[PDB]
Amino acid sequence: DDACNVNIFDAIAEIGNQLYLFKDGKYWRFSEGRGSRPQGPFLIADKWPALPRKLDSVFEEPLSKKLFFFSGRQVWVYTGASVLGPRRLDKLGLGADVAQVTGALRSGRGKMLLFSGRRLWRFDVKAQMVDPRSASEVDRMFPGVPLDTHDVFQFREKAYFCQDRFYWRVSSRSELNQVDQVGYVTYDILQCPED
């Protein structure tokens, strides 16, 4: 329906020079700019027919542009129209106790951070495998972020932790992380008109 009426998006992710928002089998696109508004709604199945109804998180590889979609304990990897999956999360090195992936962020060169609620792991892009000793508690790495965040995504070199209809933007200062802003997904991003 209207992206501006959505309170909690199933998943959000930057794909190329645009931001994609997903919700119950539908998606919208958004580009930064004056007068810019959300484009859509579009049907996920029209573009990505192998995906389930509700996604948990999605992310685009900065270089190859491969697209990772997560839902429950299943992961899909699209390279254009060609899909690889579904595969179990353990095929990425994630433990059997990981029920879902709720986000991802770029880390060092050739590294990512995969989230699952209060936990996170380091992910090596080259091997497409989670690093062994990398399990960490989000709270310590990202103080100020809500403990019940449902989606974590990177947009314009910044991290966004979503909870309810808001987001907690995070920036970094000399190997440390801190929230630098709090705002509405619809109003502060998407530039939706108010009342």
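In case it trips you up, residue 1 is the first one in the sequence shown, and so on.
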Take the C-alpha B-factors listed in the entry for 130-138 and for 60-68, compute each mean, and give the stretch with the larger one. 130-138
Should the higher mean CA B-factor in the entry be assigned to 45-53 or to 28-36? 28-36
Residue 145, C-alpha B-factor rank within chain (lowest, middle or highest third): middle
Within this chain, which third does the Cα B-factor at residue 95 fall in: lowest, middle or highest? middle
Chain-relative C-alpha B factor for residue 80 (record values, thirds): the highest
Can you work out whether the C-alpha temperature factor of residue 112 puts it in the lowest, middle or highest third of the chain? highest
Which third of the chain holds residue 87 when residues are ordered by C-alpha B factor: lowest, middle or highest? lowest
